[PDB]
Structure formats: structure tokens, C-alpha cells
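Only one structure is covered here, and it is reproduced in the block below.
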Amino acid sequence: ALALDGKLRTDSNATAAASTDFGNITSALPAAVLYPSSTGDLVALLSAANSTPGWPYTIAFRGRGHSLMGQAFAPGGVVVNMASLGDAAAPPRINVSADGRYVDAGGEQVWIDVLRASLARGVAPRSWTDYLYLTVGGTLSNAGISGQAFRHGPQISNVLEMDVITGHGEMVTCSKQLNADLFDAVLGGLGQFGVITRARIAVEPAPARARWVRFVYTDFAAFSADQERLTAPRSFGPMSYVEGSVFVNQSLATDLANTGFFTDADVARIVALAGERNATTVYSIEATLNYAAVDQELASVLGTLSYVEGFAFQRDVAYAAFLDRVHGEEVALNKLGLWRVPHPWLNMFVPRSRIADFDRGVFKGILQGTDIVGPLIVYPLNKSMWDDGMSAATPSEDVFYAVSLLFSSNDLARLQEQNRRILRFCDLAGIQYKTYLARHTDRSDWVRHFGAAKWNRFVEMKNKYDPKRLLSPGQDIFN
Ligand SMILES: *Cc1cc2c(cc1C)nc1c(=O)[nH]c(=O)nc-1n2C[C@H](O)[C@H](O)[C@H](O)COP(=O)(O)OP(=O)(O)OC[C@H]1O[C@@H](n2cnc3c(N)ncnc32)[C@H](O)[C@@H]1O
Ligand SMILES: *[C@@H]1O[C@H](CO)[C@@H](O[C@@H]2O[C@H](CO)[C@@H](O)[C@H](O)[C@H]2NC(C)=O)[C@H](O)[C@H]1NC(C)=O
Ligand SMILES: c1ccc(CNc2ncnc3[nH]cnc23)cc1
Ligand SMILES: *[C@@H]1O[C@H](CO)[C@@H](O)[C@H](O)[C@H]1NC(C)=O
Ligand SMILES: *[C@@H]1O[C@H](CO)[C@@H](O)[C@H](O)[C@H]1NC(C)=O
Ligand SMILES: *[C@@H]1O[C@H](CO)[C@@H](O)[C@H](O)[C@H]1NC(C)=O
């Protein structure tokens, strides 16, 4: 049926394309790839899976395959090419609500397109990822974090409702008011319970511009204290976005220039600063204020901070330009053949109480004396803005840090060992981190990830919504 209609492909090019991901480290050939033209085809697939005894195929939902470690693979299974849902010219896959208070987006849609559609209506999502060519369904299945998350929560905290087709092949609309168990499970649910075909995303009146600053520190305590200051509840301070990066001495200039923010002169200034202080590591807060009035507001905020005087750097850009800043990096890196490489990224949430220890062991320790290519991103998040009833797992402390070591790779083996070492350091130090964007490979690691209570709920939802354990096997939780 589907196949005859050409929707279910088994040819080598189709399975090949669905067998690799952004991580470019692991690969797994599916048996087939579904190219659905409508949600009806997804229902048909999942209904078949549900009602067929001896159904052979796990099923993954490939957004854009930005997964790092095969999370979007269905080894010997069926990969759904979600992008196909957005092929048709009509009907539209992104609808800003009549009142401009939300935007309905197909799960297959990429956030860059959600942004463009929203802006046409004078609005925009309030919580982002740093990189916009990811799908709605994909980020919502994880959490979706960027510099706004401290005040707006992750993207999963900014969803009104969703349409989900479960493992039972049943199309369900869910929200806090209806099928809340599914709603909660799916958000941060790692594709385990059903495919998100539509997510209803909160929006706010779109700011036109962003004042965009980088603040430089050689003192991690001051750096982290200032980040916590900027993201502390008042309701929140004025900053619209707060992240940070770490630059190890050995690749200081290179990594500084790689931000795409500092001029070569800025870089020289910072290297000199680091040199005059014999600093092994430099830190930079990255913050924006969406909007003469900006000048004084910015001055007032900056006046509460303790970055190195003379080391506040300022850009002023259109809001959309800031949001899509990373696309330019990709376009550039790709031209140098440095985008499509192995990405042994290490992402975790580190409890505030141990972030200084992490800094000591990793940034001042393990990572020292290496040539780092890729941002080392560090910034605090407020647990209060996360819904613990959702599948996403975060540390127990009110404040935890997103730590994203975006290593680009004989380097691969070294980098992989380095990550094991970082993890070993954290385990030995008793740092109660949570991984983000990582898949574990045994039960005990996953149970530890979620914690006993949340794991048990996770399993309860799996039994309810994907009893055959077909969905997103590449997460290696139930597969
Ligand atoms: C590639 C990358 C990723 C990335 C990023 C920058 C780069 C260049 N920056 C991020 C950031 O700033 N903040 C953040 O939270 N995440 C960031 N990412 C990681 C990204 O979120 C993940 O890669 C995520 O998977 C989204 O990527 P994508 O949309 O391409 O999804 P996928 O990898 O193909 O699939 C991931 C898992 O989710 C399941 N899935 C996919 N779509 C659905 C729907 N519609 N419904 C239910 N489940 C879905 C897949 O089965 C897979 O398990
Ligand atoms: C955007 O809104 C339109 C309604 O105008 C939706 O289009 C309809 O979609 C349903 C089911 O997908 C179809 O049966 C109808 O034929 C469509 N109507 C029109 C006017 O073409 C569309 O689904 C919405 N998109 C999202 C993601 O919610
Ligand atoms: C957590 C945080 C960030 C990411 C990925 N963002 C990202 N990816 C690539 N380049 C960047 N430059 C600035 N931000 C980024 C993934 C998980
Ligand atoms: C990684 O990408 C290269 C292309 O540079 C490709 O040849 C290789 O097969 C990929 N490996 C994996 C595991 O995706
Ligand atoms: C799922 O399968 C059960 C029997 O195994 C059947 O009763 C139910 O109607 C099915 N649902 C769908 C949507 O296929
Ligand atoms: C920084 O690294 C450079 C080589 O890249 C080295 O010359 C210098 O000694 C390092 N600085 C410190 C403070 O260790």
C-alpha cells in the first residue's frame, strides 16, 4: 500500500540517507524509510504496527537527523522521513493563531521556518535553540535549550498542546487539560511514546532588535556569579538571553575568533589580558537585550557585574539575525569542510553547587593543553522554569548549568577518550549531573538518568503508549 504509493522506500539511497546523523560517529541502516505526504500515512504505519502480530519494525522519526549518537536510527526498522510531511504546498504546516498568541507547527518543521512564519505575523517563539535548523518535534523530544530558557523554560515549557500518534497508531491531541499523561511523557520523551505531528508553541510580540554583548572574565567565580546574577528571579532581570563560553589557553585566539563575535583586534586584546594575568582559561558571558533607552538599561545591568573593565563588547542586530546567528557559522565552516565531521559533543546539566568543581577539573584540568575546535558553552538554568512532570531529566538543584562541549573532530578517538575522562571525573567527584542529548546503552544508566520515580513513570507511559517498544529505538532505552 504505502510502498506501492511510493511512500515506503527500501532502495539503497533512501536507507543510506537515513543511516547517518550529525554526530557522524555511529550509523545504522534501516530496512525502510517512510516518506509520508500526510499524517494519515503515519497513522497508517503506526496502526499497522499496532494491529499486526509479529510486526517486525522499530520506527524512528527523523527530524533533520541532528542526533549525535544514532537516536534517529531504526536499525533494520523503519525510519520516518518527517520532512516529507512538509513537502505539499498546501495546506500550510505552520499556522500562527488568529490572535497571534501561539503558532501551530508540524513536528517536522524546522524552527527557522517557525520563526519566519511567526515574524510575518509580528510574533515569535520565546524559547529557542542556538541553532535553528532543528525540527519542532525533535527539540521537543529532548527539551530545546538556549539563552532564553532561564526565564522562559526550555522549549518543552512553551508548548500549549500537541497532536501525537502513539505506538497504538492512535492520533491523540494532548495538553495539560487533555491526555496530560501523554503530553507530559512526550515532552522530553525522546520519541518513545508517539510521533509529534503538531505542536502548539507559545509566542510573544516579536522584538525588532537585540543589543548583543559579550563580557570577558579570567575569574570563573566572577563569571559564574555574574551569570547567576543575570538569570536570577526578581519575574526576571532585563536580559533576554544569557549564555557563556569557555576558552582554554592553548587555543585561545583561535576559539575567540571562532565565536564570530570578536574582531581580530578584540581577540588580540583578550589574549593580551589573559597573558598579563597568566590565565589558563578565559570566560565570556553572552547576553542580549531585545527591544538611548537601551543604552541606559544596558548600562544599569552591566553596572551590577564584575567582568574585566574595558572588556564588554557590543553588537546591535536585528532579532532574526541574532536568532539565526549559527547558520552563518555552518555555511562558513562547511565551505572549509569543517561542518560535516564527527561531533563527539558532550552535553550535560551540572548542578550549581558543583559547577566550580567542574570548572577546576575540566576547563582548568582535562581540557588544558589541547587544541579545541568547537564552542565550550556554559550557562545557568532555573529549575523553576522546568516542569518535572515532563520526561526531561534535570539536576535537583534550583539552579543548574547547561554545559555543552561541542567538540569537532586520529582526533576522534582522542576526543572520545577525553569525554569518558570528563565523565569519570564527574562520577568520581560525585557530581550529580544529567546528560542532555546523549543516549545511554544500559538500563541502569537510563534509570539513573531519570531517577527512580521518573523512570517508573517513564515505563508506565511506555507500556501505555508504546507497549511493543517500537519507537525511537536509537535511544537505547527500551531497545
Ligand atoms: C545538529 C545540532 C543540534 C543541536 C544544536 C546544534 C546543532 C548543529 N543546538 C542545540 C541547542 O542549541 N539547544 C538544544 O536544545 N539542542 C540543540 N541541538 C540538538 C538537537 O536538539 C537534537 O539533535 C534533536 O534531536 C533535534 O534534532 P532533530 O530535529 O534533527 O531530531 P532528530 O535528531 O532527527 O531526532 C531526535 C529524536 O527525536 C525523535 N523525533 C524526531 N521528531 C519527532 C517527532 N516529530 N515526534 C516524536 N519524536 C521525534 C527521533 O526519533 C529521535 O529519537
Ligand atoms: C494549518 O491550518 C490549516 C487550516 O486552514 C490546516 O489545513 C487543513 O489540514 C487538515 C488536516 O491536516 C486537512 O484535512 C484540510 O484539508 C486542511 N485545510 C485546508 C484549508 O487546506 C493545516 O493542517 C494546519 N497546519 C497545522 C500544522 O496545524
Ligand atoms: C546545548 C547547547 C547548545 C547546543 C548546540 N548549540 C550550538 N551549536 C553549534 N554552534 C554553536 N555556537 C553557539 N551555540 C551553538 C546543544 C546543546
Ligand atoms: C561520517 O561522514 C563521512 C563523510 O565525511 C562519511 O564518509 C562517513 O561514512 C560518516 N560516518 C558515519 C558513522 O556517519
Ligand atoms: C491496536 O491493536 C488493537 C488489538 O491489538 C486493536 O483493538 C486496536 O483497535 C488497534 N488500534 C489501532 C489504531 O490500530
Ligand atoms: C597559553 O598557551 C600558549 C601556547 O598556545 C603558551 O605559550 C602559554 O604559556 C600558555 N599560557 C599559560 C598561562 O599557560
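Positions are given from 1, in the same order as the sequence printed here. Quick note: numbers below take in every heavy atom, side chains included, and nothing from hydrogens, waters or symmetry partners. Whatever order the structure lists ligands and atoms in, that order sets their numbers, starting from 1.
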Pair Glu397 + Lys383: basic N to acidic O under 4.0 Å: no
No-hydrogen, no-angle side-chain donor-acceptor test under 3.5 Å, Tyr35 and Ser37: no
For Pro92, the ligand 2 atoms whose distance to one of its heavy atoms is below 4.0 Å: 1 (C), 22 (C), 24 (C), 25 (N)
Within the 6.0 Å centroid threshold, strictly below: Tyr319 and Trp212: no
For atom 13 (C) of ligand 3, the protein heavy atom that lies nearest, with its residue and separation: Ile377 CD1, 3.7 Å
Sub-4.5 Å side-chain heavy-atom contact between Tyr217 and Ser284: no
Geometric N/O contact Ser404 with ligand 3, under 3.5 angstrom: no
Under-4.0 Å protein heavy-atom contact, atom 11 (N) of ligand 5: yes
Numbered atoms of ligand 5 (with element) below 4.0 Å of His168, judged on heavy atoms: 11 (N), 12 (C), 13 (C), 14 (O)
Distance-only donor-acceptor check, side chains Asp371 and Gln250, under 3.5 Å: yes
Sub-4.0 Å heavy-atom contact, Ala90 with ligand 2: no
Numbering as shown, the atoms of ligand 3 that approach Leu437 to under 4.0 Å (heavy-atom distance): 16 (C), 17 (C)
Under 4.0 Å to a heavy atom of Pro91 - the qualifying atoms of ligand 2, by number: 7 (O), 8 (C), 9 (O), 17 (C), 19 (C), 21 (O)
Between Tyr241 and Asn290, a side-chain donor and acceptor under 3.5 Å: no
Contact with ligand 3 for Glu329, non-hydrogen, under 4.0 angstrom: yes
Side chains of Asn81 and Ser84, donor plus acceptor under 3.5 Å: yes
Exercise check, heavy-atom protein proximity under 4.0 Å to atom 16 (O) of ligand 2: no
Protein non-hydrogen atom below 4.0 angstrom of atom 22 (C) of ligand 2 present: yes
Salt bridge present between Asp266 and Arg214 (N-O < 4.0 angstrom): no
Side chain, backbone, both or neither: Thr129 near ligand 3, heavy atoms under 4.0 Å: neither
Nearest-neighbour protein heavy atom for atom 10 (N) of ligand 3, which is reported as residue plus atom name and distance: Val326 CG1, 3.9 Å
Parallel, tilted or perpendicular: rings of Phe450 and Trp446 (30°, 60°): parallel
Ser127 versus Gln155, side-chain donor and acceptor atoms under 3.5 Å: no
Close-contact set for ligand 2 against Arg93 heavy atoms, below 4.0 Å: 27 (C)
NZ/NE/NH1/NH2 to OD/OE distance under 4.0 Å, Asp427 and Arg448: no
Numbered atoms and elements of ligand 2 in range of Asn95, under 4.0 angstrom, heavy atoms: 1 (C), 2 (O), 3 (C), 22 (C), 24 (C), 25 (N), 26 (C), 28 (O)
Atom 5 (O) of ligand 5 - nearest protein heavy atom and its distance: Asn50 O, 4.0 Å
Electrostatic pair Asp316:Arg211 at N-O distance under 4.0 angstrom: yes
Carboxylate-amine/guanidinium contact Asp130 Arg325, below 4.0 Å: yes
Protein heavy-atom partner closest to atom 9 (C) of ligand 3 - residue, atom, separation in Å: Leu406 CD1, 3.7 Å
Contact check: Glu170 vs ligand 5, nitrogen or oxygen atoms, below 3.5 angstrom: no
Contacting atoms of ligand 5, where contact means under 4.0 angstrom from a heavy atom of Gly169: 13 (C)
Interfacing atoms of ligand 5 (cut-off 4.0 Å, heavy-atom, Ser47): 12 (C), 13 (C), 14 (O)
Residue portion contacting ligand 2 (non-hydrogen atoms closer than 4.0 Å) for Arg198: side chain
Residue and atom name of the nearest protein heavy atom (relative to atom 3 (C) of ligand 3), distance in Å to one decimal: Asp130 OD2, 3.2 Å
Atom 10 (C) of ligand 2: any protein heavy atom closer than 4.0 Å: no
Side chains of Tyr133 and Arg64, donor plus acceptor under 3.5 Å: yes
Distance under 6.0 Å and angle within 45° of ring axis: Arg354 vs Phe358: no
Atom 2 (O) of ligand 2 protein-contacted, heavy-atom criterion under 4.0 angstrom: yes
Nearest protein heavy atom under 4.0 Å from atom 26 (C) of ligand 2, yes or no: yes
Per-atom contact, atom 14 (O) of ligand 5, protein heavy atoms, under 4.0 angstrom: yes
